[PDB]
């Protein structure tokens, strides 16, 4: 049963109504400088398909797209906005984004096309994109009749689904979360992606040359120590050398076979000289393949920039993710890897990189939501939280805290921030499960409010079916009742952790919105480039650094008011590396 629509070959007035569902279709996964294959508009007047070479060369249509007062409902409006930015056209007036709506209503559904969103309200008069475009090698744009019908069906679904999504959002007290937070952030993210980050490719390449030379030396050493050649990158072949030829002890197994993970190899190093060489090889080879060759592959030779895509609709927490490239895991802990960040430079001469990061935002949120007196006091005094945690769990004074005590308290703190289990903690600290449970018990005696929060939030998840964040983001936890221990225990941890990590996410998202408004109010040229969970990275003219030193931390600090202060550290320099 085909859906009625006009396959127009000129733009008409009735296509430019002030409320419409709009589809601006970009089929390439990476939408930067990507083709727009077709356009559909559904409004009070009717349903329309337009060919993009017609529509996007039409002054009236382009004006309509750019007119804030002409309201549009879309799915994944950031994809469309960015593709249009590459063509010199602004998209404004997007007042409803179905992707973001579906994501807020239930992030566990994994909604990534109109059809998956529509199915949530029993609407099935639209096909999945995968059924129309194909997948992998077979992926293709079909002939115009099939394409046009698909785009009009997606637009009609958007038109029909706006009301029931907005109604459920409102029942959930999430309507302002959509309208005041996620949608405005989606525009800000679109600008960041489009701007991109400049890369000194010449420095990356010379780095790669040194690494290649280093890898070759260590690789030869390994063959000599093994007395043969083999694929060092294959955990199977490496397993045969280590555990069969060299008869090293098997300390841990993986579902497939013998574990060759870094932590197992650390413990084998005293038996054989090969082990340290393998570890060195794995460190260098990760830098080379993931961070030098991987970045070079996605730099546009055209501008020497990388344009990441932020997935705002993926995580259970509310966190953002970053792809092509992933700019959220650039090395920093070890000096050799950290030098990679010397390759990320300002895009204009006499500009600098500015970076501002929250200090312990997750634990500060926990203090706030648990109202734990001791944790709150510690933050109100701006104490070193790991030293203070050590003093309390070991019952020592400050000057009796040894480096090992601090490291282990830091690990407990880490476990709380990321919701890891007693098994996780034990793995992390290389201790027994029993000792790890002892650590946790000690922590709860020092922080009874945290313990009480942890009990209460698990009960609330059981009673309501879900937990919520500070700004009303929601996670459903149906596994909370399960009779499988490991399935149930995971859900309980997610009940504990999601209000911590998801509230941190909420705050930094609001800070991004507040900051973009302030930058414009202050007439600064400073621009946001990246977000990395608890940190914001900007670039600006050197003449703006002193003002940004005062402005950026203040905006981030004041994004919300909690029972404890928020605290923001900042740095700036010639490269991302130097903004430390």
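Basically, rigid core = biggest C-alpha set you can superpose within 1.5 Å across the two forms. Residue numbers count along the first chain shown, from 1.
- After a core fit, the C-alpha atoms in 5 other deposited structures of this protein lie farther on average from the shown form in one of 424-432 and 182-190, namely 424-432.
- Here the rigid core sets the fit, and in 5 other deposited structures of this protein the C-alphas of 410-418 stray farther than those of the other stretch, out of 302-310 and 410-418.
- As listed in the deposited structure, the average C-alpha B-factor of 402-410 and of 286-294 is greater for 286-294.
- Looking at mean Cα B-factors across 487-495 and 252-260, the upper value is held by 252-260.
- Of the residues listed, 167, 445, 124, 373, the entry assigns the biggest Cα temperature factor to 445.
- Within the group 535, 58, 33, 546, the record's highest C-alpha temperature factor is found at 58.
- When the CA B factors of the chain's modelled residues are split into thirds, the value for residue 230 lands in the highest one.
- When the CA B factors of the chain's modelled residues are split into thirds, the value for residue 46 lands in the middle one.
- Annotation for residue 11: C-alpha temperature factor in the highest third relative to the rest of the modelled chain, per the entry.
- Placement of the Cα temperature factor of residue 53 within the chain: highest third of the modelled residues, per the deposited record.
- In the PDB entry, a CA B factor belonging to the lowest third of its chain's modelled residues is recorded for residue 116.
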